[PDB]
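If you count by full-length UniProt numbering, then the sequence shown holds residues 676 to 743, 766 to 927, one letter each, in order.
Taking it in order: structure first as structure tokens, then the write-up.
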Amino acid sequence: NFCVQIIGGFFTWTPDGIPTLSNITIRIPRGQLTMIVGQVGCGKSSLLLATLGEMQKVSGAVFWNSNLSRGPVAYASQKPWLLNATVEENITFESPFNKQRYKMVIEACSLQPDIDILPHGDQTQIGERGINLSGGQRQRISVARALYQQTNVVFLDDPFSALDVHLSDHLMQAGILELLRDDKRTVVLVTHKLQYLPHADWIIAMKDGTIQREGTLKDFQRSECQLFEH
């Protein structure tokens, strides 16, 4: 059925009661790039965790089915999770190594300057107990790790918010759209970047722990407020 379909959506973090969100009703079928947008702190992370299944639902199970009966779904959430090992092994993350695929990802991630600058290249101990890098560079490695996995569903949180460099984001944005189009996979991104906020693909708005709709960009015109005129 729908890759991201929610019936009740009464997820909560407290084991007993106190629902932090409820009345969630979305249905995202396969091959539907549905980025998630909203205001600051409007339960975007909680909704993303509830979608993965890390939050205790109250109303009931949102139901799931095999993309092409489920539960293994790619997800990254907030903050960079870095493996304290070599950068190259961090990128692969228990995945087969293809030179063309690795070069394609590093081109989209624009990690060539990062590897060249480091004296040991991508063999440096990235993360704790090693070489300390920039926060934006940590996010670029983190987001590229999920993308390189080549899965049918990809969940991302603040890909461009951590680093708003036009050169890095645009190539990553171009790489993300092209890779998703070729693979016909599902992509969900939570970010505050207005560079690609409107798109022909589906968009879902999250506010006050609920989602108004997850549909075409024409709903923004249908909505009373057109994102405050961008």
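All C-beta atoms, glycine included, are put in the ideal place defined by N, C-alpha and C.
For the pair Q707 and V884, the Cα-to-Cα distance works out to about 7 angstroms. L868 places its beta carbon less than 7 angstroms from that of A805. The three-state secondary structure of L815, taken from DSSP, is coil.
Relative to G692, the option among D879, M730 and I681 whose CA is nearest is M730. Taking the Cβ atoms as the reference, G833 lies roughly 3 angstroms from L860, within the contact range of under 8 angstroms. Sequence-distant partners of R837 (beyond 5 residues in either direction) whose C-beta falls short of 6 angstroms from its own C-beta, in its chain, are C806. Rounded to whole angstroms, the separation of the alpha carbons of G912 and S920 is 12 angstroms. If you draw a 10 Å sphere on the C-beta of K796, you find fewer than 16 other C-beta atoms in it, and that means exposed. About 17 angstroms separates the Cβ atoms of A843 and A782, ruling out a contact at the 8 angstroms cut-off.
With contacts defined as CB atoms closer than 7 angstroms, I703 and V737 fail to qualify as a contacting pair.
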